[PDB]
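> Contents of target_25.txt (compact mmCIF, C-alpha atoms) are given next:
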```
# COMPACT_ATOMS: atom_id res chain seq x y z
CA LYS U 7 -9.34 37.80 -8.39
CA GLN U 8 -11.63 35.15 -9.86
CA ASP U 9 -13.90 37.40 -11.90
CA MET U 10 -15.45 36.93 -15.30
CA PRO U 11 -14.46 38.87 -18.39
CA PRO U 12 -12.86 36.52 -20.91
CA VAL U 13 -9.94 37.41 -23.12
CA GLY U 14 -11.37 36.31 -26.45
CA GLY U 15 -13.83 34.21 -28.37
CA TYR U 16 -16.74 36.13 -29.86
CA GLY U 17 -19.02 36.10 -32.87
CA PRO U 18 -21.44 37.68 -32.84
CA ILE U 19 -24.60 36.21 -34.23
CA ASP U 20 -26.23 38.33 -36.88
CA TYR U 21 -28.86 40.97 -36.58
CA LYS U 22 -29.52 40.16 -40.24
CA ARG U 23 -32.91 39.20 -41.64
CA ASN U 24 -32.92 37.29 -44.93
CA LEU U 25 -33.93 33.92 -46.37
CA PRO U 26 -34.73 34.49 -50.07
CA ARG U 27 -34.96 30.84 -51.11
CA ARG U 28 -36.98 31.38 -54.29
CA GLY U 29 -38.39 29.33 -55.66
CA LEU U 30 -39.23 29.15 -59.38
CA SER U 31 -40.85 32.56 -59.79
CA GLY U 32 -41.65 34.73 -62.78
CA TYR U 33 -43.60 32.90 -65.56
CA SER U 34 -41.94 29.58 -64.69
CA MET U 35 -45.07 29.20 -62.63
CA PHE U 36 -48.36 29.01 -64.59
CA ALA U 37 -46.34 26.85 -67.01
CA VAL U 38 -46.42 23.59 -65.07
CA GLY U 39 -50.08 24.30 -64.31
CA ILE U 40 -51.42 24.63 -67.85
CA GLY U 41 -49.49 21.75 -69.45
CA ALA U 42 -50.42 19.23 -66.77
CA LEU U 43 -54.03 20.43 -66.95
CA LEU U 44 -54.31 19.73 -70.68
CA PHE U 45 -52.47 16.46 -70.03
CA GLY U 46 -55.50 15.44 -67.99
CA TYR U 47 -57.75 16.47 -70.86
CA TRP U 48 -55.41 14.55 -73.15
CA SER U 49 -56.08 11.51 -70.95
CA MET U 50 -59.72 12.02 -71.91
CA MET U 51 -61.00 11.09 -75.42
CA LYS U 52 -58.97 7.88 -75.10
CA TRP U 53 -61.13 6.61 -72.24
CA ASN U 54 -64.55 8.23 -72.62
CA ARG U 55 -64.58 7.55 -76.35
CA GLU U 56 -63.27 4.09 -75.49
CA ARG U 57 -66.06 3.60 -72.96
CA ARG U 58 -68.49 4.99 -75.55
CA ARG U 59 -67.35 2.16 -77.84
CA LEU U 60 -68.16 -0.27 -75.05
CA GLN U 61 -71.42 1.58 -74.44
CA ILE U 62 -72.73 0.72 -77.90
CA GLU U 63 -71.38 -2.80 -77.28
CA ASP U 64 -73.48 -2.96 -74.10
CA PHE U 65 -76.64 -1.78 -75.87
CA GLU U 66 -75.85 -4.18 -78.74
CA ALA U 67 -76.69 -7.26 -76.65
CA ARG U 68 -80.05 -5.76 -75.69
CA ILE U 69 -81.14 -5.14 -79.28
CA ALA U 70 -79.85 -8.43 -80.73
CA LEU U 71 -82.15 -10.48 -78.53
CA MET U 72 -85.75 -9.48 -77.68
CA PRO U 73 -87.66 -10.82 -80.47
CA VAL W 142 -42.41 40.04 -16.56
CA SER W 143 -39.74 42.59 -15.70
CA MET W 144 -37.53 41.56 -12.80
CA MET W 145 -34.49 43.72 -13.45
CA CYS W 146 -36.19 46.56 -15.29
CA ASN W 147 -38.33 47.01 -12.28
CA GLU W 148 -35.99 47.78 -9.34
CA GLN W 149 -33.95 49.57 -11.98
CA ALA W 150 -36.50 52.36 -11.70
CA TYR W 151 -36.21 52.28 -7.93
CA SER W 152 -32.54 52.21 -6.99
CA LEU W 153 -31.87 54.86 -9.62
CA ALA W 154 -34.78 56.75 -8.05
CA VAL W 155 -33.04 56.47 -4.67
CA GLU W 156 -29.32 56.88 -5.46
CA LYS W 157 -29.96 60.42 -6.74
CA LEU W 158 -31.28 61.35 -3.31
CA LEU W 159 -28.23 59.86 -1.61
CA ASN W 160 -25.40 61.47 -3.67
CA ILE W 161 -23.96 58.18 -4.86
CA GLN W 162 -22.66 57.01 -8.10
CA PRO W 163 -22.65 53.20 -8.30
CA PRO W 164 -19.31 51.44 -8.88
CA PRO W 165 -18.34 50.74 -12.49
CA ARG W 166 -18.43 46.92 -12.50
CA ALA W 167 -21.99 47.12 -11.13
CA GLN W 168 -23.20 49.33 -13.99
CA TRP W 169 -22.25 46.75 -16.62
CA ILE W 170 -24.59 44.22 -15.01
CA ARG W 171 -27.61 46.52 -14.76
CA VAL W 172 -27.34 47.08 -18.49
CA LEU W 173 -26.89 43.35 -19.11
CA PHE W 174 -29.99 42.21 -17.22
CA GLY W 175 -31.66 45.50 -18.09
CA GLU W 176 -31.15 44.45 -21.70
CA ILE W 177 -32.27 40.91 -21.09
CA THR W 178 -35.77 41.58 -19.72
CA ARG W 179 -36.63 43.17 -23.07
CA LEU W 180 -36.04 39.70 -24.46
CA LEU W 181 -38.85 38.57 -22.16
CA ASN W 182 -41.51 41.19 -22.81
CA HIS W 183 -40.95 41.22 -26.57
CA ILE W 184 -41.39 37.46 -26.66
CA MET W 185 -44.49 37.52 -24.48
CA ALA W 186 -45.92 40.60 -26.22
CA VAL W 187 -46.20 38.72 -29.53
CA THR W 188 -47.14 35.14 -28.55
CA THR W 189 -49.87 36.14 -26.11
CA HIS W 190 -51.20 38.52 -28.73
CA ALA W 191 -51.03 35.62 -31.18
CA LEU W 192 -53.05 33.48 -28.77
CA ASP W 193 -55.98 35.79 -28.35
CA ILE W 194 -55.94 35.87 -32.13
CA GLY W 195 -55.94 32.09 -31.90
CA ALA W 196 -52.70 30.73 -33.29
CA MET W 197 -51.50 27.79 -31.21
CA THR W 198 -48.05 26.84 -32.44
CA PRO W 199 -46.08 30.13 -31.99
CA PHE W 200 -46.99 29.96 -28.31
CA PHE W 201 -45.22 26.63 -27.82
CA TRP W 202 -42.43 27.25 -30.34
CA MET W 203 -40.95 30.14 -28.33
CA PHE W 204 -41.56 29.40 -24.66
CA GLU W 205 -39.59 26.19 -25.09
CA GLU W 206 -36.66 28.41 -26.02
CA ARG W 207 -37.57 30.77 -23.15
CA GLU W 208 -36.64 28.06 -20.59
CA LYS W 209 -32.94 28.53 -21.52
CA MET W 210 -33.15 31.94 -19.83
CA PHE W 211 -34.72 31.36 -16.41
CA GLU W 212 -31.70 29.19 -15.57
CA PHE W 213 -29.81 32.49 -15.55
CA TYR W 214 -32.17 34.09 -13.00
CA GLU W 215 -31.89 31.10 -10.69
CA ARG W 216 -28.12 30.92 -11.06
CA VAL W 217 -27.52 34.56 -10.18
CA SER W 218 -30.07 35.83 -7.68
CA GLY W 219 -32.46 33.72 -5.68
CA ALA W 220 -35.47 32.21 -7.39
CA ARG W 221 -37.40 31.61 -10.58
CA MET W 222 -38.68 35.11 -11.37
CA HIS W 223 -39.16 37.50 -8.47
CA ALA W 224 -35.67 38.44 -7.38
CA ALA W 225 -34.82 41.10 -4.83
CA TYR W 226 -31.55 41.53 -6.66
CA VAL W 227 -30.88 45.18 -7.45
CA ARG W 228 -30.32 47.05 -4.18
CA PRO W 229 -29.83 50.78 -3.54
CA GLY W 230 -26.17 49.97 -2.97
CA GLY W 231 -25.70 48.61 -6.45
CA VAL W 232 -25.69 44.93 -7.20
CA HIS W 233 -26.29 42.47 -4.36
CA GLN W 234 -23.46 40.06 -5.16
CA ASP W 235 -21.25 38.95 -8.00
CA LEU W 236 -22.41 36.47 -10.56
CA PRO W 237 -20.48 33.20 -10.20
CA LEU W 238 -18.00 31.43 -12.45
CA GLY W 239 -19.76 30.81 -15.71
CA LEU W 240 -22.44 33.03 -17.23
CA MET W 241 -20.03 34.39 -19.85
CA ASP W 242 -19.56 31.29 -21.96
CA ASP W 243 -23.28 30.69 -21.36
CA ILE W 244 -24.73 34.00 -22.51
CA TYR W 245 -22.40 33.98 -25.51
CA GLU W 246 -23.55 30.40 -26.05
CA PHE W 247 -27.17 31.53 -25.67
CA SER W 248 -27.05 34.66 -27.79
```
Write out the structure in this file as structure tokens.

Amino acid sequence: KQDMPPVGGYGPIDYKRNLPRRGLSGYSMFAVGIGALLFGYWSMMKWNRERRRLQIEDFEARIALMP
Amino acid sequence: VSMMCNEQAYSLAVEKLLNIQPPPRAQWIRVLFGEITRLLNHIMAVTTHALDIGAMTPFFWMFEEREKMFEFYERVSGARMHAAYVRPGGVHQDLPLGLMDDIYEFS
């Protein structure tokens, strides 16, 4: 008399197949790429030109002496 | 791999000769384990293919879940894999108390 089949309690689990967790698509990408890229170029011309100012300063001490 | 899909092709190849239909509780178990060995080939048929190819991690990510299934084989018949379980006279013996809130827990 002690056999298995239970009265209730069932799901089931799915046979489904989906995980569309997107994801900033469709022209939202290529937008964070370009602006941060020119931001790095914007970081230039305030350092290389600044080091160029120090570069003439470095060559200044050479020319002032040597007579 | 197959432990209940083999011997399914043998008792059903013998019971036709002997003019026997198997009893109805027994037929619900041959479909249950006969539709559980396909969840052993179709795991091994992808991972071992994905090892020749050379991927490491889907070999270990699925056999660690496969261990939750050999506990069934040991609980019902006799051993780890190779079970003389299906007979020509239907099922050998009844599966014990349990294995119905386990499979539903597993699946």
> What is the distance between CA of residue 208 in chain W and CA of residue 25 in chain U, in Å to one decimal?
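Between CA of residue 208 in chain W and CA of residue 25 in chain U the gap works out to 26.6 Å.
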> Quick check, in Å to one decimal: how far apart do CA of residue 73 in chain U and CA of residue 60 in chain U lie?
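If I compute the distance from CA of residue 73 in chain U to CA of residue 60 in chain U, I get 22.8 Å.
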> For the atom pair CA of residue 49 in chain U and CA of residue 33 in chain U, what is the interatomic distance in Å to one decimal place?
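Result for CA of residue 49 in chain U versus CA of residue 33 in chain U: 25.3 Å, one decimal.
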> What are the closest atom pairs, with distances in Å to one decimal, for each residue of chain U lying within 8 Å of chain W, using all atoms listed in the file, rows by chain and rising residue number, as a tab-separated table?

```
residue	atom	partner	partner_atom	distance
U:8	CA	W:238	CA	7.8
U:9	CA	W:238	CA	7.3
U:10	CA	W:238	CA	6.7
U:11	CA	W:241	CA	7.3
U:12	CA	W:241	CA	7.6
U:16	CA	W:245	CA	7.5
U:19	CA	W:248	CA	7.1
```
> Would you pick out the contacts of residue 223 in chain W at 10 Å or less, using all atoms listed in the file, so that residues sharing its chain but fewer than 3 positions from it are not included, and give the list as a ChimeraX atom specification?
/W:142-145,214-215,218-220,226
> Neighbours of residue 173 in chain W within 12 Å (only C-alpha atoms; same-chain residues fewer than 2 positions away dropped), as a ChimeraX atom specification?
/W:145-146,149,166-171,175-180,213,236,240-241,244
> Take every atom of range 39-53 of chain U listed in the file, fit an axis-aligned box around them, add 6 Å per side, and give the centre and edge lengths in Å to one decimal as lines of an AutoDock Vina configuration file.

```
center_x = -55.3
center_y = 15.6
center_z = -69.9
size_x = 23.6
size_y = 30.0
size_z = 23.1
```
